[PDB]
Amino acid sequence: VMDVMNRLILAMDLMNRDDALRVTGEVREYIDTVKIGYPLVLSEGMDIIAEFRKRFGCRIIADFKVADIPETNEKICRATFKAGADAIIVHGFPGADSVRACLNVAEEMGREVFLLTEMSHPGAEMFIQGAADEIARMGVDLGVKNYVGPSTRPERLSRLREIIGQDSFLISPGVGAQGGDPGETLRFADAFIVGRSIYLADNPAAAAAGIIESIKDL
Amino acid sequence: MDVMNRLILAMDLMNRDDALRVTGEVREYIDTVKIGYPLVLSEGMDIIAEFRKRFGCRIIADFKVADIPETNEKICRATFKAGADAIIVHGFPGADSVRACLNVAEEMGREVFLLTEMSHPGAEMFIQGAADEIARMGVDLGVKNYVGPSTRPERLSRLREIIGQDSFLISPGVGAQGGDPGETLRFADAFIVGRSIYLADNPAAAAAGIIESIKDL
Ligand SMILES: O=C1CC(=O)N([C@@H]2O[C@H](COP(=O)(O)O)[C@@H](O)[C@H]2O)C(=O)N1
Ligand SMILES: O=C1CC(=O)N([C@@H]2O[C@H](COP(=O)(O)O)[C@@H](O)[C@H]2O)C(=O)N1
């Protein structure tokens, strides 16, 4: 499994190239794994992945929550890996064939797929939560090794860890701005994701260092 | 929305030259193009403005938006800044995530299309069972544009029943996925066609034929 420095992944959702680059560079000494999503990619282009690799010694997770039919999912994954992404996040609710399409491209291109089970926001309770345990089980049956679960619902994150087992890799967003606690989240997740708490701080480096200090024993 | 020939081209080619050449070859048959991530992630968001300058066509950004509210807002802003007229959003993530999109669309004068049930086999696992409720949620939220599966006419009909005759409904899955143009138009206002056209030896003739089959519609 990837070695996430300090078990902390930066969710770089700033939409300005200059700001995204500045903030990421300022916390570079604390994080070697950055999650880049559509807010930044749709604002600056896929070349931003390359720019981040060139400037920082960071691993890149393309958070594209892939959720299309198998055929289109295949194209999305191919374009994303061609750009330099180490892994891609895929939604599990669209079904097994859509996930398998991503796993196939990741396999052939030598990259990784992260399967998003339950989400961290309030709305996730309407439809996703009820299908989450099965989506996770599906992922296990499909051979998925990397997963994403909600830090905002410790009981749910715990169950997801049980389903995927100790060997699977689990990352969890929702820490900070959404109310998730770093320490509690690490009881089940291999690493947690943090965006606004760091990138909106007057001193991102101090914010990141502070979060890490809170979990030094872990 | 007035879709010419009730046909929406799904331009999923991943090469700028081919995408522009093929779209140009069938421009006389359409005025609405669906651009998704295959083309956008391969050529950049500037491709949207390029299409508007070249064809003046209407552009629906098929981004299957499916994140938390905060991120959904950013995605919609970046998308409409690029010139997209509408954006497609998943309903599965919940009401708050959809509302986030609706707010941005209203602010920038655009439309939100709610994807309820998908056309592929995997849609039967989790999506189909929640589809009717997702559609009802759209109604409660005031959504007026929807996306349903041409591959399951009975499901497409049910979606039309829920949203009513005033709502706008488009449907993918025609051609390559097995959907029939005429049958789909029994319930949808317009259907979406990708491969059957952009992978055809002669895209223009492919489009011409499809339109010929629904001439009476
Ligand atoms: O369930 C989920 C999945 C996810 O990826 N995310 C993403 O994780 C990040 C959370 O950022 P933040 O720390 O709340 O600012 C954003 O990029 C979200 O789009 C989330 O918040 N919830
Ligand atoms: O349920 C759905 C939703 C959707 O948008 N689509 C999209 O519609 C297009 C269908 O193209 P095609 O005619 O099968 O080649 C693709 O761009 C898909 O990503 C789909 O096929 N099924």
# chains A, B, ... in the order shown; residues from 1 in each chain; ligands from 1

call {"tool": "residues_around", "arguments": {"residues": "residue 15 (chain B)", "least_positions_apart": "5", "cutoff": "12 Å", "atoms": "only C-alpha atoms", "output": "MDAnalysis selection string"}}
result
(chainID A and resid 75 79) or (chainID B and resid 20:23 38:44 47 198)

call {"tool": "interface_residues", "arguments": {"of": "chain B", "to": "chain A", "cutoff": "6 Å", "atoms": "only C-alpha atoms", "output": "list in words"}}
result
residues 38, 44, 68, 74, 75, 78, 92, 93, 94, 95, 96, 120, 122, 123, 125 and 126 of chain B

call {"tool": "select_by_dssp", "arguments": {"residues": "region 96-208 of chain A", "states": "helix (DSSP H, G or I)", "output": "JSON, numbers by chain"}}
result
{"A": [96, 97, 98, 99, 100, 101, 102, 103, 104, 105, 106, 107, 108, 109, 122, 123, 124, 125, 128, 129, 130, 131, 132, 133, 134, 135, 136, 137, 138, 139, 140, 141, 142, 154, 155, 156, 157, 158, 159, 160, 161, 162, 163, 164, 182, 183, 184, 185, 196, 197, 198, 199, 204, 205, 206, 207, 208]}

call {"tool": "residues_around", "arguments": {"residues": "residue 114 (chain A)", "least_positions_apart": "5", "cutoff": "9 Å", "atoms": "only C-alpha atoms", "output": "PyMOL selection string"}}
result
chain A and resi 61+87-91+144-148+169-171

call {"tool": "residues_near_ligand", "arguments": {"ligand": "ligand 1", "cutoff": "6 Å", "atoms": "only C-alpha atoms and all ligand atoms", "output": "PDB file with N, CA and C atoms, in the first residue's frame"}}
result
ATOM      1  N   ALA A  11      -6.485  17.699   0.541  1.00  0.00           N
ATOM      2  CA  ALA A  11      -7.511  17.803  -0.485  1.00  0.00           C
ATOM      3  C   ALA A  11      -7.331  19.215  -1.025  1.00  0.00           C
ATOM      4  N   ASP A  13      -8.462  21.701  -3.064  1.00  0.00           N
ATOM      5  CA  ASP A  13      -9.613  22.154  -3.822  1.00  0.00           C
ATOM      6  C   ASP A  13      -9.639  23.647  -4.132  1.00  0.00           C
ATOM      7  N   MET A 119     -20.549   8.291   1.728  1.00  0.00           N
ATOM      8  CA  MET A 119     -20.032   9.652   1.718  1.00  0.00           C
ATOM      9  C   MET A 119     -20.234  10.338   3.062  1.00  0.00           C
ATOM     10  N   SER A 120     -19.485  11.414   3.275  1.00  0.00           N
ATOM     11  CA  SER A 120     -19.485  12.147   4.536  1.00  0.00           C
ATOM     12  C   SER A 120     -20.541  13.223   4.781  1.00  0.00           C
ATOM     13  N   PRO A 150     -16.483   7.711   5.225  1.00  0.00           N
ATOM     14  CA  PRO A 150     -16.716   8.946   5.985  1.00  0.00           C
ATOM     15  C   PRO A 150     -16.232   9.074   7.426  1.00  0.00           C
ATOM     16  N   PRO A 173     -12.286  11.225   4.343  1.00  0.00           N
ATOM     17  CA  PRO A 173     -12.443  12.680   4.304  1.00  0.00           C
ATOM     18  C   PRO A 173     -13.482  13.119   5.334  1.00  0.00           C
ATOM     19  N   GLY A 174     -13.540  14.421   5.593  1.00  0.00           N
ATOM     20  CA  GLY A 174     -14.505  14.938   6.545  1.00  0.00           C
ATOM     21  C   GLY A 174     -13.879  15.444   7.826  1.00  0.00           C
ATOM     22  N   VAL A 175     -12.554  15.368   7.910  1.00  0.00           N
ATOM     23  CA  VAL A 175     -11.836  15.829   9.090  1.00  0.00           C
ATOM     24  C   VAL A 175     -11.695  17.346   9.043  1.00  0.00           C
ATOM     25  N   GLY A 176     -11.983  18.000  10.161  1.00  0.00           N
ATOM     26  CA  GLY A 176     -11.871  19.446  10.203  1.00  0.00           C
ATOM     27  C   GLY A 176     -13.168  20.175   9.924  1.00  0.00           C
ATOM     28  N   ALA A 177     -13.257  20.765   8.736  1.00  0.00           N
ATOM     29  CA  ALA A 177     -14.426  21.533   8.327  1.00  0.00           C
ATOM     30  C   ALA A 177     -15.763  20.820   8.487  1.00  0.00           C
ATOM     31  N   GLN A 178     -15.787  19.517   8.226  1.00  0.00           N
ATOM     32  CA  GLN A 178     -17.021  18.751   8.327  1.00  0.00           C
ATOM     33  C   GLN A 178     -17.294  18.182   9.714  1.00  0.00           C
ATOM     34  N   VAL A 194      -7.814  16.052   4.482  1.00  0.00           N
ATOM     35  CA  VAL A 194      -8.112  17.377   5.015  1.00  0.00           C
ATOM     36  C   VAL A 194      -7.957  18.434   3.929  1.00  0.00           C
ATOM     37  N   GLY A 195      -9.003  19.235   3.752  1.00  0.00           N
ATOM     38  CA  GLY A 195      -8.975  20.286   2.755  1.00  0.00           C
ATOM     39  C   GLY A 195      -8.995  21.684   3.351  1.00  0.00           C
ATOM     40  N   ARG A 196     -10.191  22.244   3.499  1.00  0.00           N
ATOM     41  CA  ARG A 196     -10.366  23.599   4.023  1.00  0.00           C
ATOM     42  C   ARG A 196      -9.627  23.949   5.318  1.00  0.00           C
TER      43      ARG A 196
ATOM     44  N   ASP B  67     -20.537  14.778  -5.805  1.00  0.00           N
ATOM     45  CA  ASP B  67     -19.709  15.068  -4.644  1.00  0.00           C
ATOM     46  C   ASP B  67     -20.543  15.682  -3.522  1.00  0.00           C
ATOM     47  N   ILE B  68     -19.873  16.168  -2.482  1.00  0.00           N
ATOM     48  CA  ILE B  68     -20.575  16.809  -1.374  1.00  0.00           C
ATOM     49  C   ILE B  68     -21.018  18.178  -1.891  1.00  0.00           C
ATOM     50  N   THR B  71     -18.180  20.891  -2.783  1.00  0.00           N
ATOM     51  CA  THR B  71     -17.427  20.608  -3.998  1.00  0.00           C
ATOM     52  C   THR B  71     -18.312  20.730  -5.231  1.00  0.00           C
TER      53      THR B  71
END

call {"tool": "select_by_dssp", "arguments": {"residues": "region 109-141 of chain B", "states": "strand (DSSP E or B)", "output": "ChimeraX atom specification"}}
result
/B:111-115

call {"tool": "closest_residue", "arguments": {"among": "B:185, B:131, B:199, B:3", "to": "residue 215 (chain B)", "atoms": "only C-alpha atoms"}}
result
B:185

call {"tool": "residues_around", "arguments": {"residues": "region 79-83 of chain B", "least_positions_apart": "4", "cutoff": "10 Å", "atoms": "only C-alpha atoms", "output": "list in words"}}
result
residues 38, 39, 42 and 43 of chain A; 44, 45, 46, 47, 48, 49, 50, 51, 52, 58, 59, 60, 61, 63, 73, 74, 75, 87, 104, 105, 108, 109, 110 and 111 of chain B

call {"tool": "residues_around", "arguments": {"residues": "residue 189 (chain A)", "least_positions_apart": "4", "cutoff": "12 Å", "atoms": "only C-alpha atoms", "output": "PyMOL selection string"}}
result
chain A and resi 4+7-9+146-151+154+156-162+164-175+181-185+193+218

call {"tool": "atom_distance", "arguments": {"atom1": "CA of residue 204 (chain A)", "atom2": "CA of residue 23 (chain A)"}}
result
6.6 Å

call {"tool": "residues_near_ligand", "arguments": {"ligand": "ligand 2", "cutoff": "8 Å", "atoms": "only C-alpha atoms and all ligand atoms", "output": "ChimeraX atom specification"}}
result
/A:68-69,71-73 /B:10-12,34-36,62,64,88,115,117-120,123,147-149,171-177,192-197

call {"tool": "residues_around", "arguments": {"residues": "residue 207 (chain B)", "least_positions_apart": "3", "cutoff": "8 Å", "atoms": "only C-alpha atoms", "output": "list in words"}}
result
residues 26, 29, 197, 203, 204, 210 and 211 of chain B

call {"tool": "closest_residue", "arguments": {"among": "A:211, A:16, A:58, A:140", "to": "residue 2 (chain A)", "atoms": "only C-alpha atoms"}}
result
A:58

call {"tool": "closest_residue", "arguments": {"among": "A:34, A:200, A:192, A:1", "to": "residue 19 (chain A)", "atoms": "only C-alpha atoms"}}
result
A:200

call {"tool": "residues_around", "arguments": {"residues": "residue 136 (chain B)", "least_positions_apart": "3", "cutoff": "8 Å", "atoms": "only C-alpha atoms", "output": "list in words"}}
result
residues 132, 133, 139, 140, 162 and 163 of chain B

call {"tool": "atom_distance", "arguments": {"atom1": "CA of residue 208 (chain B)", "atom2": "CA of residue 18 (chain B)"}}
result
19.2 Å

call {"tool": "atom_distance", "arguments": {"atom1": "CA of residue 153 (chain B)", "atom2": "CA of residue 180 (chain B)"}}
result
9.3 Å
